[PDB]
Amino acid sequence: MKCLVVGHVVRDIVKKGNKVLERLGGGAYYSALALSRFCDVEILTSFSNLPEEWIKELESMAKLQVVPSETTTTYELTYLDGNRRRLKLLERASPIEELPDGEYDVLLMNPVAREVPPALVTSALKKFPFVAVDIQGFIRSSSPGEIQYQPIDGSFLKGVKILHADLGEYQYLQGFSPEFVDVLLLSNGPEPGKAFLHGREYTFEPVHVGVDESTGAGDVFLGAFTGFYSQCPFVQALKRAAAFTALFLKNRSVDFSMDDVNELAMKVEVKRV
């Protein structure tokens, strides 16, 4: 397979206690990282400058298509536990307005700062047969600071194959019922999550891991699920996505074997109804 992941790569300023570091982040990066274990990935993104080593990391995992920009999207993430976080947008790269006219088995739209208009999802749903979406960058407002949320109508998501939102993000979605999409992944950090298959609800319990931050969790979970769902029954795909994401969080990498994923996935609880 061949997939296109769309959205800004980010200069993350990660703060955990009194400690601060810069690293590569973004929905596009993290979702591509997950999908790189399943397929050839390309990333449609925008940025201005990034460190040579970060550009090498991206180009080792994916072909890059970069919309010119004079700015690079930059977020400060402050972690008070592993999941409870403050996000502050410091800088935003150029919007993404055009899709390539090549042919991909999967288009995954994962913006972080309103860089993908709803209109582009509608274009994508016509020019491509399989579209997956993370909602995060659609419900955030675009201006600098502590992030604000804006509700949106969900009707444009009809036809989306797989959609992911965490619990706090979901409440800003409206004109929306889960059956608008083939699979809704509704996650809640370390706590139990929900998955809907054609609107029928399942619950899942993630693998317990002790982490000082969870940056990229949702992106990896969406990316890995999209990969497993293409080659596993629904439930198994859910379990393997959870396990993969759990391995990513402690390894903060995707440099573990698929056999370990499959072993861990056996222990993930999933219930129907």
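A residue's number is simply how far along the shown sequence it sits, counting from 1.
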property	result
Selected stretch [higher average CA B-factor]: 79 to 87 or 106 to 114	79 to 87
Stretch with the greater mean C-alpha B-factor as recorded in the entry, comparing 143 to 151 against 156 to 164	143 to 151
Selection by C-alpha B-factor (highest) of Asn188, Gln136, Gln174, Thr71	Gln174
CA B-factor placement of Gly210, once the chain's modelled residues are sorted into thirds	highest
Within-chain third of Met1 by Cα B-factor, per the entry	highest
B-factor third for the C-alpha atom of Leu24 within its chain	lowest
Record-listed C-alpha B factor of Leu264: chain third	highest
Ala124 - Cα temperature factor, lowest/middle/highest third of chain	highest
